[PDB]
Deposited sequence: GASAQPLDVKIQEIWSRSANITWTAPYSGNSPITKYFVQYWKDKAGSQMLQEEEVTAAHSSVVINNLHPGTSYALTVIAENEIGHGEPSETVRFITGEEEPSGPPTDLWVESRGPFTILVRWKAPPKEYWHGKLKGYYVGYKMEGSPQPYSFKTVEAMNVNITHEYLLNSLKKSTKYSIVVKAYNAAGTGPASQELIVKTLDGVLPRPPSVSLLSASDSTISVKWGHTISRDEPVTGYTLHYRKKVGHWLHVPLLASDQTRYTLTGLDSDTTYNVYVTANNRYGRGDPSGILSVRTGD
């Protein structure tokens, strides 16, 4: 038919509109529609009598791009007017929370939150951003929320909470949102700010591994650091402790290890007031 229009759109429905085409008279109207993404899709079809200039398509997925064609079939079945349109269905609120919530850095006044986006299939509409809420753990007050950009092209998302109190436990949640509304919140993350007295946790990273050895490095930490302690253990085994008197030290190579064995490794910094909070704990398998 000529002048095919999507007259109105819902999140799961769309009303299609056209005008009577060139007439051999029209036997029926044939409506095809399918998802407009890459890869093979289902070709949905639906008939309408020649007396109708309209139809409502139902059971569509929200926030999804569709292509649709109306065909005016003929007696002759030849040269039958066709026209294809493209549209996107209305939005619905995200149905899944962000995942893999993660603390990256910490200070006495700041907390760096990171998270991965909920899977695209649960967006039901392109995300407009995220809400990061936080509160002190033992407080009746509600969460106070901060707005973050969606950055939908990035794998990782992050936000730095600041102007916090020292040595305080905060509860953190993240929600995604789009034009329709807000999705569910992630599970509570309970994070304690530093004290500003003990050393900050080092940033430990894997340097090298072999059949018998593992090497790791970390950045120097901020009252003068008097030393570091490296901790390690087999996945089935007790913790062992390598004391590093040297504060020039930012590297260490474990030796005499077992082949094809997973070791855990983390580092702590010490100053005159005692041992600071630990790094992330690494999982490294002995190899080449």
| property | result |
| --- | --- |
| In sequence order, the deposited-sequence ranges that have no modelled C-alpha atom | 1-5, 29-30, 229-231 |
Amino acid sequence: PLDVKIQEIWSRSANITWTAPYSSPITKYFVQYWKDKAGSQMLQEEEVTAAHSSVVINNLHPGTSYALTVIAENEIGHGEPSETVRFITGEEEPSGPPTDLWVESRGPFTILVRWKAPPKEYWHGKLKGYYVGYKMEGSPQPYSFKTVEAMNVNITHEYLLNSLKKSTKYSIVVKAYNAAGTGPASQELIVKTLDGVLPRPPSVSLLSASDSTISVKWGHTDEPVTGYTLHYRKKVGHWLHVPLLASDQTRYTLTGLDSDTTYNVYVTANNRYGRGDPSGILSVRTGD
From here on, numbers count along this sequence of modelled residues.
{"item": "Which of 251-259 and 238-246 has higher mean CA B factor, as the PDB entry lists it", "value": "238-246"}
{"item": "Which of 141-149 and 168-176 has higher mean CA B factor, as the PDB entry lists it", "value": "141-149"}
{"item": "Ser212, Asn74, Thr182, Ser186, ranked by C-alpha B-factor: the highest one", "value": "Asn74"}
{"item": "Among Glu80, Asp195, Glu121, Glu93 - the residue whose C-alpha B-factor is largest in the record", "value": "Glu80"}
{"item": "Third of chain Cα B-factors occupied by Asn162", "value": "middle"}
{"item": "Chain third (lowest, middle, highest) by recorded CA B-factor, residue given as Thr27", "value": "highest"}
{"item": "Among modelled residues of the same chain, the CA temperature factor third for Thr221", "value": "highest"}
{"item": "Chain third (lowest, middle, highest) by recorded CA B-factor, residue given as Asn58", "value": "middle"}
{"item": "Ranked C-alpha temperature factor of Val265 among modelled chain residues, by third", "value": "lowest"}
